[PDB]
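Below you'll find only one chain, the form deposited in one PDB entry, shown as structure tokens.
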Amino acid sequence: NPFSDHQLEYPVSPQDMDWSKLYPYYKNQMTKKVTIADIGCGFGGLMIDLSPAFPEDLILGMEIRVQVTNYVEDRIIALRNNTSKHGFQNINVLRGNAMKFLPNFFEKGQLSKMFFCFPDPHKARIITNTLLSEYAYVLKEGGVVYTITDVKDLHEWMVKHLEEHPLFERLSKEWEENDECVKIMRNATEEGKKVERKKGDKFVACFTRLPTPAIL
């Protein structure tokens, strides 16, 4: 019953995407896939910091504002230029609305990490468990959703729906405290550096994408 949305006769495939233009350095064919996604990345700070931490992972920021994504593109081109032969070659940005069906972008289980760093607290579609189900679809079993905000109400709203969904399980404080991504995530971004200035609080919460029960 509760997992019907995830045991599918006709699972979808992504639309055609020339990832080689975003990560030409892995053009043999394409050598890797995007495995880390920064949803609503803003000016790209998180990606910049994750880049060296995860030199083997391709990292993609998705940003709905074209002004910001046009800017971020010039920024990572600068970072590549001013840099060894692999520097910042594993990050790029994409103009897109993450609420418009992520399975158009990524294969099933493609991603190991999804970051929602200081999301703004329903034009294209209403926010629902269905959205979280689309996130679960593109997220590997064992993958993690990383969540941080200064807005207690947004924090509690995200937590409420993530724990309601049957494919997400909250990770402990201990897990968070020993995780390098939580550390980076806390102050990698302009909005995060803002909040500490305002003496604000940083509400973190992380979830594992549970394995889907087997159907056969």
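When you see a residue number, it is the position in the sequence shown, counting from 1. Only residues modelled in both forms are compared. Take the two forms, find the largest set of C-alpha atoms that superpose within 1.5 Å, and that set is the rigid core.
Novice: Counting only residues of the deposited sequence, how many between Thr83 and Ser84 have no atoms in the entry (none, 1 to 3, 4 to 9, 10 or more)?
Specialist: The entry leaves 1 to 3 residues without coordinates here.
Novice: I'd like the number of residues from the deposited sequence that lie between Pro121 and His122 yet are not in the model, binned as none, 1 to 3, 4 to 9, or 10 or more.
Specialist: Count of unmodelled residues in between: 4 to 9.
Novice: For the stretches 180 to 188 and 61 to 69, which has the higher mean C-alpha B-factor as given in the deposited record?
Specialist: According to the PDB entry, the answer is 180 to 188.
Novice: Taking the recorded C-alpha temperature factors, which stretch has the higher mean, 51 to 59 or 150 to 158?
Specialist: According to the entry, 150 to 158 carries the higher average C-alpha B-factor.
Novice: Among the candidates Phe168, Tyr26, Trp175, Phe43, give the one with the maximum CA B-factor reported in the record.
Specialist: In the PDB entry, the greatest C-alpha B-factor among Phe168, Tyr26, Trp175, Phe43 is found at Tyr26.
Novice: Against its chain's modelled residues, does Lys140's Cα B factor rank lowest, middle or highest third?
Specialist: Tercile = lowest for this residue's CA B-factor.
Novice: By the recorded C-alpha temperature factor, relative to the other modelled residues in its chain, which third is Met30 in?
Specialist: Tercile = highest for this residue's CA B-factor.
Novice: Within this chain's modelled residues, let me know which third the CA B factor of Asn92 belongs to: lowest, middle or highest.
Specialist: Ranked within chain, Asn92 CA B lands in the middle tercile.
Novice: Using the B-factor values recorded in the entry, state whether the Cα atom of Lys113 falls in the lowest, middle or highest third among the modelled residues of its chain.
Specialist: Bottom third by C-alpha B-factor.
Novice: Can you work out whether the C-alpha temperature factor of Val12 puts it in the lowest, middle or highest third of the chain?
Specialist: It belongs to the middle third of the chain when residues are ordered by C-alpha B-factor.
Not on display, but discussed next: the form deposited with a partner chain bound.
Novice: Answer for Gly40 alone: is it within 4.5 Å of its partner chain in the entry with it bound, judged on heavy atom distances?
Specialist: Because no heavy atom of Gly40 falls inside 4.5 Å of its partner chain in the entry with it bound, the answer is no.
Novice: Would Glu134 count as a contact of its partner chain in the entry with it bound, using a 4.5 angstroms cut-off between non-hydrogen atoms?
Specialist: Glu134 belongs to the contact set for its partner chain.
Novice: State yes or no: in the entry with it bound, is some non-hydrogen atom of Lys108 no more than 4.5 angstroms from a non-hydrogen atom of its partner chain?
Specialist: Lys108 belongs to the contact set for its partner chain.
Novice: I'd like to know whether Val12 contacts its partner chain in the entry with it bound, with contact meaning heavy atoms within 4.5 angstroms.
Specialist: So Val12 counts as contacting its partner chain.
Novice: If you check in the entry with it bound, do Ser84, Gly96 and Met185 all have a non-hydrogen atom within 4.5 Å of its partner chain?
Specialist: No: none of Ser84, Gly96 and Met185 comes within 4.5 Å of its partner chain in the entry with it bound.
Novice: At a change of 3 Å or more, would you call the C-alpha separation of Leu210 and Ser13 in the entry with it bound closer or farther than in the form supplied?
Specialist: They are farther apart; the C-alpha distance rises by 3 Å or more in the entry with it bound.
Novice: Shorter or longer C-alpha distance for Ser13 and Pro211 in the entry with it bound, given it differs from this form by 3 Å or more?
Specialist: Between the C-alphas of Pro211 and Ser13, the gap widens in the entry with it bound (3 Å or more compared with this form).
Novice: Considering only residues modelled in both forms, extract each run of at least three consecutive residues whose CA displacement is 2 Å or more throughout between this form and the one not shown after core superposition, in sequence order.
Specialist: Flagged stretches (3+ res, CA at least 2 Å): 7 to 16, 125 to 128.
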